[PDB]
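A quick write-up on the structure given underneath.
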Amino acid sequence: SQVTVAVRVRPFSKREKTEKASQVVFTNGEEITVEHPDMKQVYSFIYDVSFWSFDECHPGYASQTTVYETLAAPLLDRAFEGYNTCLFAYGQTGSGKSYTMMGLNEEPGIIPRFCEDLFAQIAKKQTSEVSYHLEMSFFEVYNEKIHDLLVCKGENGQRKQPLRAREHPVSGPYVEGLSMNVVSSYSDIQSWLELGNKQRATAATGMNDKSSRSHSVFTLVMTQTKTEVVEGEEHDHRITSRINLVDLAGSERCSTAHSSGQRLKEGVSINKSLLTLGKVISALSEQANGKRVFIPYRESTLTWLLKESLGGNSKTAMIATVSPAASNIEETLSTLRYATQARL
Amino acid sequence: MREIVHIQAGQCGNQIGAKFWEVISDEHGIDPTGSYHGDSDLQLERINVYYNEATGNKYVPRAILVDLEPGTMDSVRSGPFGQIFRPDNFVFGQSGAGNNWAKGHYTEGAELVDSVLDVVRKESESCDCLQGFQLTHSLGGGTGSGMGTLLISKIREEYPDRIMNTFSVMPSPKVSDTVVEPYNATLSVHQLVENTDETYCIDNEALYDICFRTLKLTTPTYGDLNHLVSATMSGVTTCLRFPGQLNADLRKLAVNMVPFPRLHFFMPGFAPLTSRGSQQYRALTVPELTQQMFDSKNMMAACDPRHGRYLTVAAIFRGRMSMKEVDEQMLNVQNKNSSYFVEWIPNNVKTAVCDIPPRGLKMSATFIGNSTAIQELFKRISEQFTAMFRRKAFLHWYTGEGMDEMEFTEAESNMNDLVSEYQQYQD
Amino acid sequence: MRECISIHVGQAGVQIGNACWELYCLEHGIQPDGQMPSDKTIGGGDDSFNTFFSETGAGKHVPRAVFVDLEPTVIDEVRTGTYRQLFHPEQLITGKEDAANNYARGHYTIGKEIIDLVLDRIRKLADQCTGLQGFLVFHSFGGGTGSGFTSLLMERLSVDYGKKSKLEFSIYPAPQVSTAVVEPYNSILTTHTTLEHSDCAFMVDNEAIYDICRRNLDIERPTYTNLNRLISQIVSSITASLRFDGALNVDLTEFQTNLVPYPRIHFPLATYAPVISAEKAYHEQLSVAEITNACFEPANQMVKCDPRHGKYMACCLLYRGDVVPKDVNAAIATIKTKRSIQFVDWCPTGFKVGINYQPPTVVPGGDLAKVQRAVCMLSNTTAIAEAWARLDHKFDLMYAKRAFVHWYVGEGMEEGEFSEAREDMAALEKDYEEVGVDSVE
Ligand SMILES: CC(=O)O[C@H]1C(=O)[C@@]2(C)[C@H]([C@H](OC(=O)c3ccccc3)[C@]3(O)C[C@H](OC(=O)[C@H](O)[C@@H](NC(=O)c4ccccc4)c4ccccc4)C(C)=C1C3(C)C)[C@]1(OC(C)=O)CO[C@@H]1C[C@@H]2O
Ligand SMILES: Nc1nc2c(ncn2[C@@H]2O[C@H](COP(=O)(O)OP(=O)(O)OP(=O)(O)O)[C@@H](O)[C@H]2O)c(=O)[nH]1
Ligand SMILES: Nc1nc2c(ncn2[C@@H]2O[C@H](COP(=O)(O)OP(=O)(O)O)[C@@H](O)[C@H]2O)c(=O)[nH]1
Ligand SMILES: Nc1ncnc2c1ncn2[C@@H]1O[C@H](COP(=O)(O)OP(=O)(O)O)[C@@H](O)[C@H]1O
Ligand SMILES: [Mg+2]
């Protein structure tokens, strides 16, 4: 039960290239400094992993292959071992999060590499005796209420059913009424994810207008039928593995952003949720050292749905996208301090 | 102005509220005909917190009554202080709960909760600014557990921003006036901790012991017991009605006394309390009251705090007194008895003072405490529950009314997780 | 021609105001109805001085202040009390709901819906003023109103007005004594924002005045009325040169000019040395020497902070009554001869002096005695860093378990505004250290 926290600094965009915006964050190997332009002082942050993607020729540059091969493939092999995995993702609008997990049509992220390497290893490991079968799911959390995204809504005030979570004693928590759909190639995943992210809830306070106001979990349950009892050869014990990949929303200060009504609730819940997650992550990094603590999964929905993917003999990974400009100096600080507390 | 809506369910809630109003009216100068016959003018400045106005200087309380057998509402009507209530708020039905949490939550409670919310919306929309709700119900039973928790679930959706307390009468270890106490209490805790802000766990063993040892009474009936719960209820909302040197309200206490949201079950207490004979030999001062408050033979929780640690404590005083005495005494408590207070909260205490004491006393005090020892009050039920649930003793009266076994294991695991949460801060 | 607008936030603010304005009404002869018999007796004078009290054509005098609490229980004692005919009925009784001892609720959620009225009334008051110099705010750390609404109001005022003094008499939390678990968080979040706006932020501590009462005045069971009167005496000693005629006048542009070396270290301490009763009012000479020696005496300070654990950067001494500068020169030389009182190596002067002729007034139903002379001292030290560190340790104990945070983020706050304030307050503690270092060649 070890959780790894990482960071990836994005390189300058064309706009902030032209405006000659100032660089505030620098790298010394595994330490990352943030320097207020020259104002008074600088803060220094340390993480288990650090990806300096600011310009191409720096040593320690982090191509997408490096991000996958360092963060994800351990999740793959630990899943084939038979255990479960949870990958997180945090970053405010304009940090390089969509480029990271999904990517572009010529610059892959984490998800396509994950699925493609998965099906390749399956189809080469598939035998006359062994077999495999995968099933997906994709849902969201909005104001501590669950919603499924694979459904094609009609026309209504809202075709968003607030499903309820339950606690089966053996398997643990689950969602009542969750659409689970089979998969054997990655295109079948794209066909669902495009629809889902089209059905994801988004809103505009005054900033970038298409900003997510909800959490989104993409889960894959994978089965191993390796086991054939030679006494009669009809099926026996069987392994199952859960792989959760969750895209979160931003902290969002509610004062600088003079918000009202539904734009406040949407933000309050997200703040609460992230805090709960923080405590969990912290406690697990305090749990590996060998102490006695309590992991409060029940103070949030996202944690209660994922009690079994984090705790126990499972793996967890967190990556935090940050922008190096000077305009976005408060947001980056928030992100880095969040991930630091996730480290300790 | 702030405004409380007082819901009350079951025999316990009816019989507690009928005394609570009997006291608030005395404090504010109201008579059982609704009329005002007081002396002081501060009794009317903030009468909008509990009462509403009417034509001939009448004052009708904002009380809602949600039983399911008329046998008790008739006793309130056919009583001393029954006429002041609004007859359109005496909600009731028939086909009683049979002391079953199922009937009061799914079958014979869903058929009536709408008629209750119809009154709640009337009495809430008619307010300048509501602060929150209140409730008085008994776990272990039926109606008060089921319909109460259902109304909580339905009020927390409409009014999430506002406050929702519950003066809950928890079961007792030794005595048991009902045989299905555990199964109902567990399912009520499963629906309270997610949907409450500050509840006050009460146990009748503690009140019998208070009535026997301290007040030195030989024939304590439930009227003499609820006479204490009324006092606590009144003390919580004193600084919301009367002035003070350092005022307070419900939200202040809920902020100071709830470090984490799942931990809002409090042990209450009231001081002074003396036998009629022994009132000539006691000095009415702050330290005597503090001694009586932090003693374990006055808390209503039926739970020894010395077996745990005080996460947070609140003291609401009433009378012309000093602000040095309170601070000094509370610091002395934090320092001497440090083993009963956490260390990652340096000051585990707070204070409120009102300048207006009760009708017959020169000083009064009220005590609220969040203590880890409360796990004993649930660790017991989880023994009674599972022993009965290991082989499904009285369960066919619950399934047959539209339930399933998973709904029991849910509540069991939640209650146990709460135990483990309060144990984290014990050693 | 010499005006100062007072602002009162919270229970602490309003009660300090009910003391201060009683005092000011007594000094100037104003009755609680706002009238004056003296000006109709002889026909002259400006005893009801235009620094604090306005005037209209009916010989009435209204104060230049405004109250606000976000809770109606307090102001409704003023509206329904002995001083009801004095205040303009525009007192903010916005008693929908209180802050619940939460900075987040007195900054964004409930802190709006009031603030615009406050700004309107302050403009209405300033437009009635000619030569305004000051905005004396009285608030209290620990509370939600005094922590949040004060910060927001000062944010707005540093834009609307700008090159105007904005002082602050706050109730700083005690090291042991306190009336809430959430005192630290609110304090550390207030000092982070009320450091770039304010110009001089005085500070007191109720533990110190409690110690003063049972050792100077001989009161073993005091109450807040016995403390806010001393605070009113402080403010009167501060705001007397604008009212009464004296030798060495000292306005508000001089306190901020001779006690703030650098713009971040403007947190001084106060003392009012004669706190004796009418019995001990006799048996004692009460000369300038005794008093000035009492100001630098621990156990007579108003913040629990031993200055011998630090150094003095500057100190202003404002005297009242029968005083001659010869005695002040003597006493300053005496204090500079001593060795327990360390002054920095970059301030040999280290002394501003102010003298006035009007002695203090005696409030009936009071505790203090009549005296022919009185004194206030305001002193900047490097020692008050100790209290900041004490509070920061409590912060760092609770914020690690992430206790009491969900009540804040449930009211419009993220988790980063905390760590932005503990790292902003962990630099001022370093500044007060750097200033304490003797220079080197
Ligand atoms: C002169 C004197 O002190 O006599 C007391 C008295 O003997 C004592 C014992 C009173 C008495 O209380 C009881 O008799 C009692 C009996 C059973 C269970 C609980 C109490 C008293 O009735 C209580 C009564 O005080 C009050 O009534 C309070 O205002 C109380 N009033 C009511 O509850 C009330 C009930 C029904 C109708 C109208 C008012 C109250 C307490 C808290 C908040 C609001 C009101 C007074 C002076 C006394 C007597 C009369 C003996 C005490 O009452 C309280 C709650 O403080 C019980 O111990 C205290 C201390 C008093 O000394
Ligand atoms: N010296 C002095 N301190 C006071 C007085 N009243 C309150 N305080 C202090 O102020 C602290 C908290 O402030 P509050 O009394 O809650 O007033 P507030 O700032 O408006 O807080 P809220 O009412 O909740 O918004 C208390 O802990 C007291 O220590 C007073 O009259 N005199
Ligand atoms: N304190 C108090 N407890 C009561 C009273 N009447 C019943 N009880 C308790 O309530 C429990 C049974 O609850 P019940 O009255 O059946 O609630 P209901 O199911 O809603 O009617 C028992 O454990 C009793 O001890 C009362 O008047 N006062
Ligand atoms: N490692 C990288 N190399 C080059 N460009 C990047 C990298 N990471 C992010 N970017 C740029 O940053 C932008 C991120 O925009 P967007 O996808 O809206 O971020 P987010 O998904 O966090 O809102 C992309 O246009 C992309 O070109
Ligand atoms: Mg207040």
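All of this is worked out from the model, or read from it or from the source named; no laboratory instrument gave them. Cβ sites come from the backbone with ideal geometry, for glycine too, and all protein chains shown count toward neighbours.
Could you identify the single residue in A:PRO11, A:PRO59 that is outside any helix (DSSP H, G or I) and without any contact (Cβ under 8 Å) to a residue 24 or more places away in the chain?
Answer to the selection: A:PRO59.
Being on the phi > 0 side of the Ramachandran plot, without any contact (Cβ under 8 Å) to a residue 24 or more places away in the chain and more than 16 Å from ligand 2 (Cβ to nearest atom) is the requirement here; does C:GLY45 meet it? Step through it out loud before you land on a result.
Numbers: on the phi > 0 side of the Ramachandran plot: yes; without any contact (Cβ under 8 Å) to a residue 24 or more places away in the chain: yes; more than 16 Å from ligand 2 (Cβ to nearest atom): yes.
Criteria met by C:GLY45.
Among the residues of region B:144-162, are any more than 18 Å from B:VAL5 (Cβ to Cβ) and touching a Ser or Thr at 6+ places or on another chain (Cβ under 9 Å)?
Yes; the residues of region B:144-162 include at least one that is more than 18 Å from B:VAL5 (Cβ to Cβ) and touching a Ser or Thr at 6+ places or on another chain (Cβ under 9 Å).
State all residues of region B:345-367 that are within 16 Å of ligand 1 (Cβ to nearest atom), surrounded by fewer than 23 Cβ atoms within 10 Å (Cβ to Cβ) and within 14 Å of chain C (Cβ to nearest Cβ); if no residue qualifies, say none.
B:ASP355, B:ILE356, B:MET363
Would you point out the residue of region B:143-170, among those that are within 13 Å of the chain's Cα centre (by Cα) and of a type in the set (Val, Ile, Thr), that is farthest from B:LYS379 (Cα to Cα)?
Result: B:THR166.
Could you pull out the residue among A:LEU178, A:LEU195, A:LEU149, A:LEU134 that is away from every other protein chain (no Cβ under 14 Å), closer than 17 Å to A:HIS215 by Cα and touching a helix residue (DSSP H, G or I) at 6+ places or on another chain (Cβ under 9 Å)?
Values: A:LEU178 fails: touching a helix residue (DSSP H, G or I) at 6+ places or on another chain (Cβ under 9 Å); A:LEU195 fails: touching a helix residue (DSSP H, G or I) at 6+ places or on another chain (Cβ under 9 Å); A:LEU134 fails: closer than 17 Å to A:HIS215 by Cα.
Of the residues listed, the single one that is away from every other protein chain (no Cβ under 14 Å), closer than 17 Å to A:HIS215 by Cα and touching a helix residue (DSSP H, G or I) at 6+ places or on another chain (Cβ under 9 Å) is A:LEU149.
Restricted to region B:264-292, and to residues that are within 22 Å of B:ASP327 (Cβ to Cβ) and assigned to a loop (DSSP other than H, G, I, E, B), which residue is nearest to ligand 3 (Cβ to nearest atom)?
By that ranking, first place goes to B:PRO272.
Among the residues of region C:45-100, count how many are among the charged types (D, E, K, R), over 30 Å from B:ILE163 (Cα atoms) and over 22 Å from the mean Cα position of the chain (by Cα).
6
Only one residue in A:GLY157, A:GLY196 is of a type outside the set (A, V, I, L, M) and away from ligand 4 (no atom under 16 Å from the Cβ). Which one?
A:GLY157
Scanning region B:4-36 for residues that are assigned to a strand (DSSP E or B) and of a type in the set (A, V, I, L, M), which turns out farthest from B:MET147 (Cα to Cα)?
B:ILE30
Within region B:83-96, identify whether any single residue is crowded, with 23+ Cβ neighbours inside 10 Å and either within 27 Å of B:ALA393 (Cα to Cα) or within 13 Å of ligand 3 (Cβ to nearest atom) (or both), and answer yes or no.
no
Got at least one residue in region C:70-88 being on the phi > 0 side of the Ramachandran plot, aliphatic (A, V, I, L, M), more than 16 Å from ligand 1 (Cβ to nearest atom) and within 14 Å of chain B (Cβ to nearest Cβ)?
yes
I need the helices (runs of 4 or more DSSP H) fully contained in region C:356-441, keeping only those with at least 2 residues that are closer than 29 Å to A:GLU331 by Cβ and within 10 Å of chain A (Cβ to nearest Cβ).
C:406-409, C:416-422, C:425-434
Go through (1) within 14 Å of chain C (Cβ to nearest Cβ); (2) surrounded by 16 or more Cβ atoms within 10 Å (Cβ to Cβ); (3) free of Cβ contacts under 8 Å to residues at least 60 places away in the same chain one by one and return the number of the condition B:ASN332 breaks.
(2)
If you take the residues of region B:387-408 that are under 25 Å from B:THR107 (Cα atoms) and within 14 Å of another protein chain (Cβ to nearest Cβ), which of them is surrounded by the fewest Cβ atoms within 10 Å (Cβ to Cβ)?
My answer is B:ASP404.
Quick check on region C:208-228. Is at least one of its residues in contact with a strand residue (DSSP E or B) (Cβ under 9 Å, 6 or more places away or on another chain) and within 21 Å of C:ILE265 (Cα to Cα)?
no
Is it the case, given these coordinates, that B:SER322 is hydroxyl-bearing (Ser, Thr, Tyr) and within 13 Å of another protein chain (Cβ to nearest Cβ)?
yes
Suppose we filter region B:61-82 for residues that are within 16 Å of ligand 1 (Cβ to nearest atom) and assigned to a loop (DSSP other than H, G, I, E, B); how many remain?
Of the residues in region B:61-82, 4 are within 16 Å of ligand 1 (Cβ to nearest atom) and assigned to a loop (DSSP other than H, G, I, E, B).
Test C:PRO325 against the stated conditions and say whether it is away from every other protein chain (no Cβ under 14 Å), buried (at least 18 other Cβ atoms within 10 Å of the Cβ) and not hydrophobic (A, V, I, L, M, F, W, C).
no
Considering only residues of region A:222-250 that are touching a strand residue (DSSP E or B) at 6+ places or on another chain (Cβ under 9 Å) and small (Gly, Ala, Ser), which is farthest from the other protein chains (Cβ to nearest Cβ)?
Ranking the qualifying residues of region A:222-250, first place goes to A:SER241.
Tell me the residue from A:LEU104, A:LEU134, A:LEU75, A:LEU150 that is within 21 Å of the chain's Cα centre (by Cα), of a type outside the set (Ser, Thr, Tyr) and over 20 Å from A:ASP188 (Cα atoms), please.
Result of the check over A:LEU104, A:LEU134, A:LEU75, A:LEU150: A:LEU75.
So which pairs qualify, if the first residue must be in region B:123-138 and in the same structural domain as B:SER188 (by CATH) and closer than 30 Å to B:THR186 by Cβ, the second must be in a helix (DSSP H, G or I) and among the hydroxyl-bearing types (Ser, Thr, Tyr), the Cβ gap must be under 7 Å, and the two must be at least 6 apart or on different chains?
B:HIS137/B:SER145
From C:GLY148, C:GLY111, C:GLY134, C:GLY162, which residue is within 14 Å of chain B (Cβ to nearest Cβ) and either away from ligand 1 (no atom under 16 Å from the Cβ) or not in a helix (DSSP H, G or I) (or both)? Show your work before the answer.
Numbers: C:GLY111 fails: within 14 Å of chain B (Cβ to nearest Cβ); C:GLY134 fails: within 14 Å of chain B (Cβ to nearest Cβ); C:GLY162 fails: within 14 Å of chain B (Cβ to nearest Cβ).
Only one candidate qualifies: C:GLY148.
Within 14 Å of another protein chain (Cβ to nearest Cβ), within 20 Å of A:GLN92 (Cβ to Cβ) and under 25 Å from the mean Cα position of the chain (by Cα): is that true of A:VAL25 in this structure? Steps first, answer last, please.
Numbers: within 14 Å of another protein chain (Cβ to nearest Cβ): no; within 20 Å of A:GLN92 (Cβ to Cβ): yes; under 25 Å from the mean Cα position of the chain (by Cα): yes.
Against the criterion (within 14 Å of another protein chain (Cβ to nearest Cβ), within 20 Å of A:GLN92 (Cβ to Cβ) and under 25 Å from the mean Cα position of the chain (by Cα)), A:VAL25 does not qualify.
Residues being in contact with a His (Cβ under 7 Å, 6 or more places away or on another chain) and closer than 16 Å to B:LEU68 by Cα: count how many of those fall in region B:103-145.
The total comes to 2.
Considering each residue of region B:209-263, count those that are assigned to a loop (DSSP other than H, G, I, E, B) and within 12 Å of another protein chain (Cβ to nearest Cβ), and give that number.
Residues of region B:209-263 that are assigned to a loop (DSSP other than H, G, I, E, B), as a first pass: B:215-221, B:237-245, B:247-249, B:257-263.
Retained after the next criterion (residues that are within 12 Å of another protein chain (Cβ to nearest Cβ)): B:238-245, B:247-249, B:257-263.
So the answer is 18.
Going through region C:299-321 one residue at a time, which ones are surrounded by 14 or more Cβ atoms within 10 Å (Cβ to Cβ) and not hydrophobic (A, V, I, L, M, F, W, C)?
C:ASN300, C:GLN301, C:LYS304, C:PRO307, C:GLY310, C:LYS311, C:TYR312, C:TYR319, C:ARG320, C:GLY321
What helices (runs of 4 or more DSSP H), lying completely within region B:373-420, carry at least 2 residues that are of a type outside the set (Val, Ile, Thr) and over 30 Å from B:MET299 (Cβ atoms)?
The helices (runs of 4 or more DSSP H) meeting that bar are B:396-399.
Among the residues of region B:163-198, write down those that are hydroxyl-bearing (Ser, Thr, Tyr), closer than 19 Å to B:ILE16 by Cβ and free of Cβ contacts under 8 Å to residues at least 60 places away in the same chain.
Result: B:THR166, B:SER168.
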